[PDB]
2 protein chains.
Amino acid sequence: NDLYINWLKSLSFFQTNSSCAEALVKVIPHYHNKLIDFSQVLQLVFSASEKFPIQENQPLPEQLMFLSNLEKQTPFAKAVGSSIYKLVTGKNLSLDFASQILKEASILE
Amino acid sequence: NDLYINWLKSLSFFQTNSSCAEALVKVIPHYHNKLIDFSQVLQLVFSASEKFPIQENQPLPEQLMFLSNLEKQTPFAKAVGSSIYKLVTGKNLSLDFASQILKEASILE
């Protein structure tokens with residue numbers, strides 16, 4: 001709620017991409033009005049991102065060990081890991097970087 | 001009520017998707033037994049939709065612009081818009097098309 005949002009704002013990935021902030025500021029209202037849900041907030045916020053290590057054609061075994069691990073995460077971490085995985089497949093976001101964002105959120109929760 | 005059901009059945013999105021029609025059939029009983037409200041009926045029914053335009057990747061601006069417009073809609077139109085936005089973000093349902101569906105429900109109301 002206000003909780004998952006704070007945790008989101010606590011993320012280092014979030015803090016290094018000012019575009020994500022300008023996004024959360026302009027999206028959080030519709031989340032308060034119950035127009036959209038947290039999953040949507042994350043997709044909309046992380047879609048504005050633009051700065052992160054890139055790795056093309058990342059190996060399948062690593063991808064799968066990241067997903068088996070994400071599959072076992074706690075609520076908040078899972079939603080973030082999954083949203084970020086979108087960036088890994090569609091924008092080549094380095095898998096290790098994703099693994100760190102997940103680790104970090106894994107702790108905040 | 002036996003008014004929203006009719007408004008729902010009036011939407012082209014509903015008429016062009018027989019799947020939504022079947023859904024409504026299986027879902028409405030729980031609505032009558034009062035386990036779910038109509039906003040829920042809307043979500044469930046639309047989750048069954050299959051036919052619609054898929055605009056992949058819609059710039060954040062367009063999104064926020066559609067949400068603030070949805071924000072000031074009437075009750076039924078707000079409910080219909082919110083359920084459809086789920087598809088927008090989760091299935092890349094065209095924002096234009098979405099706007100259309102929302103206009104039509106805005107009218108019936």
# chains A, B, ... in the order shown; residues from 1 in each chain; ligands from 1

$ interface_residues --of "chain B" --to "chain A" --cutoff "12 Å" --atoms "only C-alpha atoms" --output "VMD selection string"
chain B and resid 39 56 to 73 75 77 to 92

$ write_last_selection --atoms "N, CA, C and O atoms" --output "compact mmCIF listing (two decimals), in the first residue's frame"
# COMPACT_ATOMS: atom_id res chain seq x y z
N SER B 39 -18.49 -4.48 -10.22
CA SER B 39 -17.16 -4.11 -10.68
C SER B 39 -16.37 -5.41 -10.89
O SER B 39 -15.61 -5.54 -11.84
N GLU B 56 1.56 -2.52 -28.92
CA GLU B 56 2.63 -2.77 -27.97
C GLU B 56 3.40 -1.50 -27.63
O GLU B 56 3.74 -0.71 -28.50
N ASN B 57 3.66 -1.32 -26.34
CA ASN B 57 4.39 -0.16 -25.83
C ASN B 57 3.69 1.17 -26.09
O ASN B 57 3.69 1.69 -27.21
N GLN B 58 3.10 1.72 -25.04
CA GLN B 58 2.43 3.00 -25.14
C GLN B 58 3.18 3.94 -24.19
O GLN B 58 3.24 3.70 -22.99
N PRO B 59 3.78 5.00 -24.73
CA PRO B 59 4.52 5.98 -23.93
C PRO B 59 3.77 6.42 -22.68
O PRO B 59 2.59 6.73 -22.75
N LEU B 60 4.48 6.44 -21.56
CA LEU B 60 3.92 6.84 -20.28
C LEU B 60 2.96 8.02 -20.36
O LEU B 60 1.93 8.05 -19.69
N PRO B 61 3.30 9.03 -21.17
CA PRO B 61 2.39 10.18 -21.27
C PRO B 61 0.96 9.75 -21.63
O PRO B 61 0.01 10.09 -20.93
N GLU B 62 0.81 9.01 -22.73
CA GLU B 62 -0.49 8.53 -23.19
C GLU B 62 -1.23 7.84 -22.06
O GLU B 62 -2.44 8.01 -21.90
N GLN B 63 -0.50 7.05 -21.29
CA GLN B 63 -1.07 6.32 -20.17
C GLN B 63 -1.69 7.28 -19.17
O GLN B 63 -2.90 7.29 -18.99
N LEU B 64 -0.85 8.09 -18.53
CA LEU B 64 -1.30 9.07 -17.55
C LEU B 64 -2.46 9.92 -18.07
O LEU B 64 -3.36 10.28 -17.32
N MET B 65 -2.42 10.24 -19.37
CA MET B 65 -3.46 11.05 -19.99
C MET B 65 -4.80 10.30 -20.02
O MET B 65 -5.85 10.92 -19.89
N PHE B 66 -4.74 8.98 -20.20
CA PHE B 66 -5.94 8.15 -20.24
C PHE B 66 -6.48 7.90 -18.85
O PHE B 66 -7.68 7.73 -18.66
N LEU B 67 -5.58 7.87 -17.87
CA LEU B 67 -5.96 7.63 -16.48
C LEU B 67 -6.62 8.83 -15.81
O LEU B 67 -7.55 8.67 -15.03
N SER B 68 -6.12 10.03 -16.12
CA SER B 68 -6.67 11.26 -15.54
C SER B 68 -8.03 11.56 -16.15
O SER B 68 -8.87 12.22 -15.54
N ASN B 69 -8.23 11.07 -17.38
CA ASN B 69 -9.49 11.22 -18.10
C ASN B 69 -10.46 10.20 -17.49
O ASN B 69 -11.64 10.49 -17.31
N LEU B 70 -9.95 9.02 -17.16
CA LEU B 70 -10.74 7.95 -16.55
C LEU B 70 -11.14 8.35 -15.13
O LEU B 70 -12.22 8.00 -14.64
N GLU B 71 -10.25 9.09 -14.48
CA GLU B 71 -10.43 9.56 -13.11
C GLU B 71 -11.73 10.33 -12.92
O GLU B 71 -12.44 10.13 -11.94
N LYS B 72 -12.03 11.20 -13.88
CA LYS B 72 -13.22 12.04 -13.83
C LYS B 72 -14.42 11.51 -14.60
O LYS B 72 -15.28 12.28 -15.01
N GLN B 73 -14.49 10.20 -14.78
CA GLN B 73 -15.61 9.58 -15.48
C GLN B 73 -16.73 9.26 -14.50
O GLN B 73 -16.56 9.41 -13.29
N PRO B 75 -19.47 6.64 -12.61
CA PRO B 75 -19.40 5.31 -11.98
C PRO B 75 -19.21 4.09 -12.88
O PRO B 75 -18.22 3.37 -12.75
N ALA B 77 -18.73 3.97 -16.20
CA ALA B 77 -17.63 4.22 -17.11
C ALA B 77 -16.29 4.06 -16.37
O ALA B 77 -15.31 3.55 -16.93
N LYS B 78 -16.24 4.50 -15.11
CA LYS B 78 -15.01 4.35 -14.35
C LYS B 78 -14.72 2.86 -14.16
O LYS B 78 -13.60 2.40 -14.39
N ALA B 79 -15.73 2.10 -13.76
CA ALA B 79 -15.56 0.67 -13.55
C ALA B 79 -15.17 -0.03 -14.84
O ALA B 79 -14.28 -0.88 -14.84
N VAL B 80 -15.82 0.32 -15.94
CA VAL B 80 -15.50 -0.30 -17.22
C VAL B 80 -14.11 0.08 -17.66
O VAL B 80 -13.38 -0.75 -18.19
N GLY B 81 -13.73 1.32 -17.44
CA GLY B 81 -12.41 1.76 -17.83
C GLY B 81 -11.30 1.09 -17.05
O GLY B 81 -10.29 0.67 -17.61
N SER B 82 -11.50 0.98 -15.74
CA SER B 82 -10.51 0.37 -14.87
C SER B 82 -10.24 -1.09 -15.24
O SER B 82 -9.10 -1.55 -15.25
N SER B 83 -11.31 -1.84 -15.54
CA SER B 83 -11.16 -3.24 -15.90
C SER B 83 -10.43 -3.39 -17.23
O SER B 83 -9.60 -4.29 -17.39
N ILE B 84 -10.74 -2.50 -18.16
CA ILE B 84 -10.12 -2.54 -19.47
C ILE B 84 -8.65 -2.12 -19.39
O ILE B 84 -7.82 -2.64 -20.15
N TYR B 85 -8.33 -1.20 -18.49
CA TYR B 85 -6.94 -0.79 -18.36
C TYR B 85 -6.07 -1.97 -17.92
O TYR B 85 -4.88 -2.02 -18.23
N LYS B 86 -6.67 -2.91 -17.19
CA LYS B 86 -5.96 -4.11 -16.74
C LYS B 86 -5.41 -4.79 -18.00
O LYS B 86 -4.24 -5.18 -18.04
N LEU B 87 -6.27 -4.93 -19.02
CA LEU B 87 -5.87 -5.53 -20.29
C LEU B 87 -4.84 -4.66 -21.01
O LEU B 87 -3.89 -5.17 -21.63
N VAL B 88 -5.02 -3.35 -20.92
CA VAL B 88 -4.09 -2.40 -21.54
C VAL B 88 -2.66 -2.66 -21.08
O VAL B 88 -1.75 -2.76 -21.91
N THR B 89 -2.47 -2.77 -19.77
CA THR B 89 -1.15 -3.00 -19.20
C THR B 89 -0.72 -4.46 -19.26
O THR B 89 0.44 -4.75 -19.50
N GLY B 90 -1.66 -5.38 -19.06
CA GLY B 90 -1.30 -6.78 -19.08
C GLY B 90 -1.39 -7.52 -20.41
O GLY B 90 -0.92 -8.66 -20.50
N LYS B 91 -1.98 -6.91 -21.43
CA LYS B 91 -2.10 -7.56 -22.73
C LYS B 91 -1.86 -6.57 -23.85
O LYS B 91 -2.01 -6.89 -25.04
N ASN B 92 -1.47 -5.36 -23.46
CA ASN B 92 -1.16 -4.30 -24.42
C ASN B 92 -2.35 -3.93 -25.29
O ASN B 92 -2.18 -3.55 -26.46

$ select_by_dssp --residues "chain B" --states "alpha helix (DSSP H)" --output "PyMOL selection string"
chain B and resi 4-10+12-15+18-32+38-47+60-71+75-91+95-108

$ calpha_fit_rmsd --fixed "chain B" --moving "chain A"
0.6 Å

$ residues_around --residues "residue 49 in chain A" --least-positions-apart "5" --cutoff "7 Å" --atoms "only C-alpha atoms" --output "ChimeraX atom specification"
/A:17,19-20
